[PDB]
Structures are given as structure tokens and as C-alpha cells.
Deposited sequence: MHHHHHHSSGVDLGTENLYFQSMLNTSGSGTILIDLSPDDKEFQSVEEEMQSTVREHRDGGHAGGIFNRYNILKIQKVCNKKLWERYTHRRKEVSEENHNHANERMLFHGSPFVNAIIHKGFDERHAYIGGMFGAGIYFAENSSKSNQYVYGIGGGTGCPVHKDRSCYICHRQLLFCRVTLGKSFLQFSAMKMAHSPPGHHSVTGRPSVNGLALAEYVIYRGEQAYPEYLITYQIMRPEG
């Protein structure tokens, strides 16, 4: 029951989502190995993901968390890149979409840096790159990211360089403690704590 609604580039909503995408690009410690080499994106399309049952599943869980955390859901808008994005927008997030080998355990990971999520579009470590050219830095092929509404509740803070949340917490926050320019990454352990709100289609752009 998912429908996708295209946003106009003239729409303030398109513009605010594009700005969050573009402004959160950073350099990565792999020199571009996983995600490719780029400083900005060519945004091709931004679509709103509308699914009433998935939305109600999200808001139900959001209310439970909020009531466990002094009426504070601690909701964020975060990026998610995955080879499962077409399944996620139709079926919702669930344990099949978790990263079993993640550093905070088997969970569903999200990023503040759009370029961090871009590293995972073609799989863990960028897999083998795009299916057409086998190129992790492909400038031709269209990529997709999700910009998701995420309930963190009481988040366990890890200072750093499906499983359960730590007891007494609803998520984990990975705070960068070496790279002064990296933004945070977050993990949830219940698929109901995220809603895939926007589907963003783009290309990475070759630096000039």
C-alpha cells in the first residue's frame, strides 16, 4: 500500500531535503573506496513515501517510547542507504534489513552525514559498486537514499573511533571520538522506530 509522490523542485519541502543531503557531505577515511569520490550530488528526484499502515506502526511505537521517556520521543531525520531500499519503502524496516556485523551489534543504522549512507547504497563496503559498471564511484548510475523519521528515545552514548537495545535505552548513538568532522550515527533495534519518509534519487558528481 505504498504510493510515491514526486515533489516539485519549487516546493520548500524539496528544497529543505536537498539542502540536508548536500550540506552533510564529508570526506571519508577510505578516500572514496566504498562510496566514490565527490563533493556534491546531482539530485534527480525527491519522492514522499506514503503508507498509512507503516505510518501507524511508526506512530504507535513512537508513543510507547515517548511514554517511557518523559513524553520525549527524541525524533530525528536521518539518512539510510541500503540495497534493500525498494523493499523497505514497501514493507517497512525489519530485522531482514539489519547490519548483522555492525559495530553496535545487529541493528538498523542511520547517519547524519548523507555521504556515510551513500557508502552503503551498493552494499556493505560499497559491495561491487553499481550493477551496470561494477564501479563504486560510478557517476552515471542513479542511486537512491532514504531520509527517514527515526525515534531514538533514551539513547545509549558510545564514544567511538536483531540485537536488543542496552537495558533502559531505545537506541544507541555512535559519537565520533577521532574524526573531528564526522557527524553521529545511530542504531535502532526495532524496525517500528523508523519511517522511510523521503526517497531521494541522485548521482554523485565528479569533482571538477
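(request) Could you list the ranges of the deposited sequence that have no C-alpha atoms in the model? (result) The deposited sequence has unmodelled segments at 1 to 29, 191 to 192, 240.
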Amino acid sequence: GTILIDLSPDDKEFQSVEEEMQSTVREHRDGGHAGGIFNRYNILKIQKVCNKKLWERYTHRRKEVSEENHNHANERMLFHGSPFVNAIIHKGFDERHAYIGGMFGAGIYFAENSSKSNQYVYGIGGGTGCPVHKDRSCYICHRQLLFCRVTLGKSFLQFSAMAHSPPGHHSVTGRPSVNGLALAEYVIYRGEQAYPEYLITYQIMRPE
From here on, numbers count along this sequence of modelled residues.
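Definition used throughout: the rigid core is the maximal C-alpha set that superposes within 1.5 Å between two forms.
(message) I'd like to know which segment deviates more from the shown structure in 9 other deposited structures of this protein: 38 to 46 or 168 to 176, using C-alpha RMS over all structures and residues after a core fit.
(response) Once the core is superposed, the stretch further away in 9 other deposited structures of this protein is 168 to 176.
(request) Return whichever of 99 to 107 or 79 to 87 has the larger RMS Cα deviation from the displayed form in 9 other deposited structures of this protein, where every structure is aligned on the rigid core. (result) Looking at 79 to 87 and 99 to 107 in 9 other deposited structures of this protein, the bigger mover is 99 to 107.
(message) Check this for me: in at least a third of the other entries compared, is residue 51 absent while its neighbours are modelled?
(response) No, residue 51 is modelled in every other compared entry.
(message) Counting only other entries where the flanking residues are modelled, do a third or more lack residue 69?
(response) Across the other compared entries, residue 69 is absent from none.
(message) Tell me which stretch has the larger mean Cα B-factor in this entry, 82 to 90 or 112 to 120.
(response) Per the PDB record, 82 to 90.
(request) On mean C-alpha B-factor from the PDB entry, just flag whether 70 to 78 or 128 to 136 is the higher one. (result) The deposited B-factors put 128 to 136 ahead on the C-alpha mean.
(request) Pick out which of 146, 178, 183, 152 has the highest C-alpha B-factor in the PDB entry. (result) When the deposited C-alpha B-factors of 146, 178, 183, 152 are compared, 178 is largest.
(request) Please place residue 4 in the lowest, middle or highest third of its chain by C-alpha B factor as given in the entry. (result) Answer is middle: the recorded C-alpha B-factor places it there.
(message) Going by the CA temperature factor in the PDB record, which third of the chain does residue 61 belong to: lowest, middle or highest?
(response) CA B-factor rank for residue 61: middle third.
(request) Among all modelled residues of this chain, ranked by Cα B factor, put residue 162 in the bottom, middle or top third, i.e. lowest, middle or highest. (result) Highest third - that is where residue 162 ends up once the chain's C-alpha B-factors are sorted.
(message) Lowest, middle or highest third: which one holds residue 53 when the chain's residues are ordered by CA B-factor from the entry?
(response) Highest third - that is where residue 53 ends up once the chain's C-alpha B-factors are sorted.
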